[PDB]
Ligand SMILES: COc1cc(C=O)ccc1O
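In structure tokens, one chain follows: the form solved without the named molecule.
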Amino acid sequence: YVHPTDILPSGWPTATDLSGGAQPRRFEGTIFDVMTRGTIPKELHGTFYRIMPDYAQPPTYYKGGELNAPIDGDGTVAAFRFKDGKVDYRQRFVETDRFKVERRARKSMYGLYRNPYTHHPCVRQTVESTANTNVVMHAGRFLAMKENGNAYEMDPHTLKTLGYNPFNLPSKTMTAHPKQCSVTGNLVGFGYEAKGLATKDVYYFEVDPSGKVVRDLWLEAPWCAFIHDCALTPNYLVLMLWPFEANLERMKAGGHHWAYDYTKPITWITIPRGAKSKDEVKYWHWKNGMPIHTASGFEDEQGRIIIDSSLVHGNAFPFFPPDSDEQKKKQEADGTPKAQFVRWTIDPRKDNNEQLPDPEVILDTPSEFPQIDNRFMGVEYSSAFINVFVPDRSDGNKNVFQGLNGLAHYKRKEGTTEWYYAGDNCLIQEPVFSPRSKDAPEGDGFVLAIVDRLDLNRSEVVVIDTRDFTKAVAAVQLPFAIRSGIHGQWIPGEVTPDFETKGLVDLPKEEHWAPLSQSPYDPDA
């Protein structure tokens, strides 16, 4: 049986998200008092903000959208606010300059990921960011980020877009993976391609809790590399270079911004915090592979930089293949690479020209989207909350972003790993952590994540108490599915302006519309 209306043509190209799912959602609005199952912990007082790529218009401008990437689509923020056991939800697109152009024209006007030579001529000199990868609340300001532009600011309650580049960074870009230092409170980050397309320039900065840039430095990467993420330590910001290179000639010819290169080693740039000269920066190298995200970093008792990350032993973004014929044939032959969670040691006393030691395998399972207890951000940390392919219950042949059906709570100090299974016919997305109280022990509290109930065409938020990581205490049940996203963050109400007085949904007025005389009821009858 085929439903006759299902053979009527659609004008939509296949617009995937990182999970591989391709259903456009695109709604903007609210649900007040979202249905829950179980008991919402009274200790949750804040908002889980998650951001997702969800092209608002069918992305047909270049090559009919055939080469759209899962990381391309217009950023939309979902907010789930927990207060006193009750949850509200709001979904809204970021009003990026790109989104505004395309909605006003009711037309796709942009081409390939990060390639202005494939956008419509009238928009080539716009900010092309879709602000779709991560969010942060810093200095009272709520930001949507994507690494090919500065951030867009949004109201944290209505999600209305307020402006661009709120911290007035001088670079053309800001990472979507800045880190909020637990010691200083600074937002510590960088922007690469910081002087425009295919530039090697990197701008490092720290923005203090009042919104002021208090430390910065201009430097360069060894090649124009895809510097997605970083790790913060007490004395360093360490940039993590993936083995992709940008080529302006390729982009002018209409090809992809990035191409994977098997000959590039994973490379790290150490930036001493508050450095005064680019001469203080050092480049360190291992071997080829793709460490997608850091959990965090710290310095050990001997001052050595320790960083945990995912590690895919090959290209986890196969939609940006190599440039050369020989390397393309290797990618196709290899298919899905081995994927693990690992630990790197960079000893600053060593000669940085010597190859780094091989990383230690921490989890021998495909692992991605790690987060930590941010009370330990930029210092020694132990807990990591990791999105995993659950051992013996997962499909190792899926790309790392497409088979994530569990969570792990890894504790370095104890050496233990606990496991949460999302369920049969379920995926689960990146976890976030909220401490049980401000002075709870590290990693004691609640873990939240979005679950795709694939057989039900719905999405839910699960809530897990770390005292039993294997069991959900509550589920927030939406009446529909949302896109599978990239990152999200738990943002405590304490740091959210006006959290005490403003909900995600504004209340209707108190006064009745109708006069007293219209009631059916008479107290005398």
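In case it trips you up, residue 1 is the first one in the sequence shown, and so on.
Asks: May I ask you to compare 289-297 and 209-217 by their mean CA B factor in the entry and name the higher one?
Replies: Stretch with the higher mean C-alpha B-factor: 209-217.
Asks: Mind pulling up the entry and telling me whether 386-394 or 314-322 has the higher mean Cα temperature factor?
Replies: According to the entry, 386-394 carries the higher average C-alpha B-factor.
Asks: Hey, out of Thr47, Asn457, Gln477, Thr30, whose CA B-factor is highest in the deposited coordinates?
Replies: By C-alpha B-factor in the record, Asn457 ranks first.
Asks: Among the candidates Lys350, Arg81, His119, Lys100, give the one with the maximum CA B-factor reported in the record.
Replies: The record points to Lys350.
Asks: Split into thirds by Cα B-factor across the chain's modelled residues, where does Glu43 land: lowest, middle or highest?
Replies: As the PDB entry reports it, the C-alpha B-factor of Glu43 lands in the highest third of its chain.
Asks: What third of the chain does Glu418 rank in for C-alpha temperature factor, lowest, middle or highest?
Replies: It belongs to the highest third of the chain when residues are ordered by C-alpha B-factor.
Asks: Split the chain's modelled residues into thirds by Cα B-factor; is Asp465 in the lowest, middle or highest one?
Replies: Middle third.
Asks: If you rank every modelled residue in this chain by C-alpha B factor, which third holds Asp444: lowest, middle or highest?
Replies: Middle third.
Asks: Tell me, lowest, middle or highest third: where does the Cα B factor of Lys471 rank within its chain?
Replies: For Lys471, whose C-alpha B-factor we compare with every modelled residue in the chain, the answer is the highest third.
Heads up, the form solved in complex with the named molecule isn't pictured, but that's what we're talking about next.
Asks: Would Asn315 sit within 4.5 Å of the named molecule in the deposited bound form, counting heavy atoms only?
Replies: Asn315: no contact with the named molecule in the deposited bound form.
Asks: With heavy atoms only and a cut-off of 4.5 Å, decide whether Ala474 touches the named molecule in the deposited bound form.
Replies: No, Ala474 stays farther than 4.5 Å from the named molecule in the deposited bound form.
Asks: I'd like to know if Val447 sits close to the named molecule in the deposited bound form, meaning any non-hydrogen atom pair within 4.5 angstroms.
Replies: Taking the distances in the deposited bound form, the answer for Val447 is no, it never comes within 4.5 Å of the named molecule.
Asks: Hey, in the deposited bound form, is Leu44 touching the named molecule, heavy atoms inside 4.5 Å?
Replies: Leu44: no contact with the named molecule in the deposited bound form.
Asks: Please tell me whether the candidate spot formed by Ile71, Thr133 and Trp242 is one where all three residues come within 4.5 Å of the named molecule in the deposited bound form (heavy atoms).
Replies: Yes, the whole candidate spot contacts the named molecule.
Asks: When the named molecule is placed as it is in the deposited bound form, which of 193-201, 166-174, 104-112, 223-231 ends up with heavy atoms within 4.5 Å of it?
Replies: Looking at the partner contacts, the answer comes out as 223-231.
Asks: Sort through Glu430, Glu147, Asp452, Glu128 and report the residue having a heavy atom within 4.5 Å of the named molecule in the deposited bound form.
Replies: Among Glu430, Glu147, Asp452, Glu128, a heavy atom within 4.5 Å of the named molecule in the deposited bound form occurs only for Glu147.
Asks: Using a 4.5 Å cut on heavy atoms, which of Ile482, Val462, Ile486, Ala56 is close to the named molecule in the deposited bound form?
Replies: Result of the distance check: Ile486.
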